[PDB]
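In what follows, a single structure is set out as structure tokens and then discussed.
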Amino acid sequence: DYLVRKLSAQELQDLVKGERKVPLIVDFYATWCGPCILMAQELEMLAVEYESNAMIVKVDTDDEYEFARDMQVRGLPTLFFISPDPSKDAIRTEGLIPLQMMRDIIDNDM
Amino acid sequence: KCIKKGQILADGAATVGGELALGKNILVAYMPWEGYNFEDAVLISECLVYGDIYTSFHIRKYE
Amino acid sequence: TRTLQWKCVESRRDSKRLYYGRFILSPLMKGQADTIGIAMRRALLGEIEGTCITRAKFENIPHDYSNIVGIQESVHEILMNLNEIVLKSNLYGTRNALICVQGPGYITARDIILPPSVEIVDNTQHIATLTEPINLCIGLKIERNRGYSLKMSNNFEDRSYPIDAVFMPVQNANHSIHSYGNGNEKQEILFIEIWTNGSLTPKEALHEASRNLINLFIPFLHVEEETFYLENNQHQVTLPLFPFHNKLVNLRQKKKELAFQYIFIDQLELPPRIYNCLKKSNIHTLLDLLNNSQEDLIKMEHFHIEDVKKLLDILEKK
Amino acid sequence: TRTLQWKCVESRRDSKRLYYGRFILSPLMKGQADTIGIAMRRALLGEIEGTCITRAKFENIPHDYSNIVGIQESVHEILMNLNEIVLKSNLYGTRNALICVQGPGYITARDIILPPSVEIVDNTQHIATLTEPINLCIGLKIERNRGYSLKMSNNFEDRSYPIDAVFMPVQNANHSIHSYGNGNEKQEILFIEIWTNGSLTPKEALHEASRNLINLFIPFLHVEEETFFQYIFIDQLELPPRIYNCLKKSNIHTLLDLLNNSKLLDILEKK
Amino acid sequence: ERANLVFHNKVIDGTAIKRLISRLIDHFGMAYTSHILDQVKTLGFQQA
């Protein structure tokens, strides 16, 4: 079905270099990070709520540490909101953001 | 085991080893305790309850 | 290396179900040993969970006071034998166990089919004696709890005769306080000796009592009840900030503006002297500030008549 | 259904040196409320740090009498007034406070020159009354100890008069248990009642007592670093009479008594 | 309001306490003394 899918850095490049029809959500997580496990649970049901209208992808910063530094991921949990239209800019949220804010970030403002 | 005539085989209730046994041996302190042993009142611990130390069987006949 | 050290000065294994351990804690400043000793005394005696059989279920017997052919013990003798066995388990909940065997022979604790959660302590404990080749199967319930099982009727089930379980695993505890003879700060030496039924070693019981004690005094270090905002339904929020955020989004959608009980004087651009005096007077919220009077503000130490005038117009602009 | 939470139900401040506070803790399982109440009461009464004056030096006063000119109060009564001063502090060790004052007037707690970390809870407390225009300098000794602790050193004897100061910041404490039943749901409610002398609020004393209690049981969780034949007697075994008498004199009757003390062994080892 | 009691300093016994209750009843009334008895009862039980 639809859930948060584990992807690596090269699995995220073609995602952002290629076509994006629905908004792409990048979850920079680490297994040792406590709040990131909480951050996952919100994304578990956010994916259910938005189903195929949005895409959720998790990236492990322990393995993709060089890639996270390029993304300027200053800590965890960090979420990247990628607009389907390449013209618009991205949104980086740091900290355990609430579920409601993620709703308005992807439906509007992006 | 070999038994002489008149020796004990089984002991009934309130009898242990051929002796009358109507009670129990328990640790006891003779002190006043907040009035719960006022006059002839007795203060006991839960050990006597959950330990079945003073648990007795009673059979009632309805006819 | 630590200035305050503890050690197990003597550990003994008198029998399979009687472990003795003595522990020392030195040096303790005067009055600490008395406080630690009594709290450890009460925690060890009545704040340590144990697991044991709670009820047994036979098949073909009419009642727990009948006799089974081929068994040298009465059914009531079996229940007391079951009530005596010792089990260890770190998990809660009611679990099943089985003694489905056939004789003749001796039925011991080693013959009990136990779930992986629980473990048998003394496998040599006698349960029953079978004299003829009968097939005996007993259904067991294992539960971990505090204190002792309630000695009241609960046999409404399918003839599961209840067993008066005593969950307390610490048979006895004692502590002694000895003067360290320092002569400069009145240090003291604390000894703790623990007797356990083998379900946990005395060192484990010493740690478990300390951890259980901490969980009893740690609630006072939690935030006071009704401090954060809640929907007054869950009463237990992992993230205390979110329920208030859910209020603002609903508030913004309805455009009703935040209440005064949630507006703090920090946001009011007050002079630093005014802010410090209000905080000193335990006035933190705007609503609390409004409930006071001008006379109630003049009586404050570093508060003057001219200040209540400038304070009002600041509120007037808001 | 509920979680273990605490709340302050009553809070009164009917003095500058008398605070009252009542706290509730619930729900509690059977038997826990008594344990918490007993330990918390012990922590509140003695385990909470208190600050008060311990010694008083009468500088520039060689009178050494019970009374001095210009002061109505006697020297002994001045010490008594000092002993009533309520102080709050976070000091470590010992500090010095000074009371140098003018002539006629009232010496209050407001007139005490304080070390940086200490405060006067009630500056209106009366120390002494001045009548004649004479200056008076008093050398105080501020110390912060627990209620249960004892101190033996008293500055020997250098004209400094010791003050037998009680270090209780919590004037009184009491706990009560309310038990509620719902057929089979026996939950207990613990009430904590704290009286403080204003040096700390009863809510603060509740936290300090809880923290002091926790700091007592933390050491039990500490771990350390790692580095890489009564029924046989000496009579039966053939022994020389010289050795036999020596053992018998020392009450060594059996062989166990012999091994518990440490050509005797050569003959013994074969049997 | 401070109560003008008398600071019994030597000892109290069966006769001494009986007199004190009589004086308390004749001065404060039975409602006060009924409460005083409960406090005295608790104090006696606690110290015993």
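All of the numbers you see were taken from the coordinates with simple rules; none came from a lab. Because the Cβ atoms are built from the backbone with ideal geometry, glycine has one as well, and the counts that use them run over all protein chains shown.
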Problem set entry | 0 to 90° range, to nearest 10: angle between helix C:202-217 axis and chain C longest Cα axis | 30 degrees
Seminar exercise, completed: Gyration tensor (Cα only) of segment C:209-291 to equivalent ellipsoid, semi-axes in Å sorted down, yields 30, 23, 9
Seminar exercise, completed: hull vol. (C-alpha, convex hull) per residue for segment C:83-153, Å³ -> 105 Å³
Exercise. Convex hull volume of the Cα atoms in chain A, per residue, in Å³?
Worked result: 97 Å³
For this session: Just report the Cα centroid separation between segment C:9-70 and segment D:20-69, whole Å.
Result: 37 Å
For this session: Let me see the pair-distance distribution of segment C:162-230: every alpha carbon pair, 5 Å bin width, integer percents in order.
Result: 3, 12, 13, 14, 13, 14, 11, 9, 7, 3, 1, 0
For this session: Would you mind computing the Rg to Rh ratio of chain B from its alpha-carbon coordinates, Kirkwood style for Rh?
Result: 1.16
Exercise. Considering only the other residues whose Cβ falls under 13 Å of the Cβ of D:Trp6, what net charge follows from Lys and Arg at +1 and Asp and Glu at -1?
Worked result: +1
Seminar exercise, completed: A correct Karplus calculation of ³J(HN,Hα) over segment C:60-66, with 6.51 cos²θ - 1.76 cosθ + 1.60, θ = phi - 60°, whole Hz and x for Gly and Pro, returns 9, 9, x, 7, 6, 10, 9
Seminar exercise, completed: chain E, convex hull of Cα, quarter of hull surface, nm² -> 3.9 nm²
Problem set entry | Per-pair calculated FRET efficiency, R0 = 56 Å: D:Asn172 and C:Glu132 via Cβ, rounded to 0.05 | 0.20
Exercise. Semi-axes of the equivalent ellipsoid of the protein assembly as shown: what are they in whole Å, largest first, if each equals the square root of 5 times a C-alpha gyration tensor eigenvalue?
Worked result: 58, 50, 33
Problem set entry | chain E, helix-only ellipticity at 222 nm - DSSP H runs n ≥ 4, -39,500 (n - 2.57), divided by all residues, nearest 500 | -23000 deg cm²/dmol
Exercise. In which sequence would C:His178, B:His58 go, from the one with the fewest C-beta neighbours within 10 Å to the one with the most?
Worked result: B:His58, C:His178
Problem set entry | chain A - percent relative contact order, Cα under 8 Å, separation 6 or more | 35 percent
Exercise. Cα extents of chain C along the three principal axes, largest first, in whole Å?
Worked result: 102, 66, 32
For this session: State the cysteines of chain C left without a partner when partners are defined as other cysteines whose beta carbon lies under 4.7 Å away.
Result: C:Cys8, C:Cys52, C:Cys277
Seminar exercise, completed: Taking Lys and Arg as +1 and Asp and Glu as -1, residues besides D:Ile218 with C-beta under 12 Å from its C-beta add up to +3
For this session: Post the alpha-carbon centroid distance, segment A:87-110 to segment C:252-318, in whole angstrom.
Result: 36 Å
Exercise. Using alpha carbons only, how many degrees (0 to 90, rounded to 10) separate the axis of helix C:75-84 from the longest principal axis of chain C?
Worked result: 50 degrees
Seminar exercise, completed: Note on chain B: contact order normalised by length, alpha-carbon pairs under 8 Å, 6 or more apart, percent, works out to 17 percent
Seminar exercise, completed: If one compares the long axis through the Cα atoms of helix C:32-46 with the longest principal axis of the Cα atoms of chain C, the angle in degrees, nearest 10, works out at 50 degrees
Exercise. How large is ³J(HN,Hα), in whole Hz, for each residue of segment D:10-19 in order, when computed from phi with the Karplus curve 6.51 cos²θ - 1.76 cosθ + 1.60 and θ = phi - 60°, using x for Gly and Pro?
Worked result: 10, 7, 10, 9, 7, 4, 8, 10, 7, 10
Problem set entry | Whole-number D in µm² s⁻¹ for segment C:8-54, Kirkwood Cα-pair radius fed into Stokes-Einstein, 10 °C, 1.306 mPa s | 121 µm²/s
Exercise. Which is farthest toward the positive dipole end of chain B among B:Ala21, B:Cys47, B:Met31, measuring Cα position about the Cα centre, with Cβ charges +1 (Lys, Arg) and -1 (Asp, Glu)?
Worked result: B:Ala21
Problem set entry | Shielding score for D:138-151, defined as the mean number of other chain Cβ atoms within 10 Å | 2
Seminar exercise, completed: In debye to the nearest 20, the charge dipole size for chain E, taken about the Cα centre with +1 at each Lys and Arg Cβ and -1 at each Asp and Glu Cβ, equals 140 debye
For this session: For a quick protection proxy, order the peptides C:199-207, C:309-317, C:104-112 by their average other-Cβ count within 10 Å, most packed first.
Result: C:199-207, C:104-112, C:309-317
For this session: For an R0 of 56 angstrom, estimate the FRET efficiency from the Cβ-Cβ distance between D:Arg17 and B:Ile44 and round to the nearest 0.05.
Result: 0.75
For this session: Can you tell me the relative contact order of segment C:138-267? Whole percent, Cα pairs under 8 Å, sequence separation 6 or more.
Result: 12 percent
Seminar exercise, completed: If unit charges are put on Cβ atoms (+1 for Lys and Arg, -1 for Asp and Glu) and the dipole of the protein assembly as shown is taken about its Cα centre, the option from D:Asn155, D:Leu91, D:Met29 lying farthest towards the positive end turns out to be D:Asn155
For this session: Over all alpha-carbon pairs in segment D:1-116, figure out the percentage whose distance exceeds 20 Å.
Result: 62 percent
Problem set entry | Test item: B:44-51 mean partner chain Cβ contacts at 10 Å | 3
Problem set entry | Interchain or long-range residues, amide H under 5 Å from D:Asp122's placed H | D:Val86
Problem set entry | Rg over Rh, two decimals, segment D:30-86 (C-alpha only, Kirkwood Rh) | 1.35
Exercise. Residues of C:204-215, mean number of Cβ from any other protein chain within 10 Å of their own Cβ, rounded to a whole number?
Worked result: 3
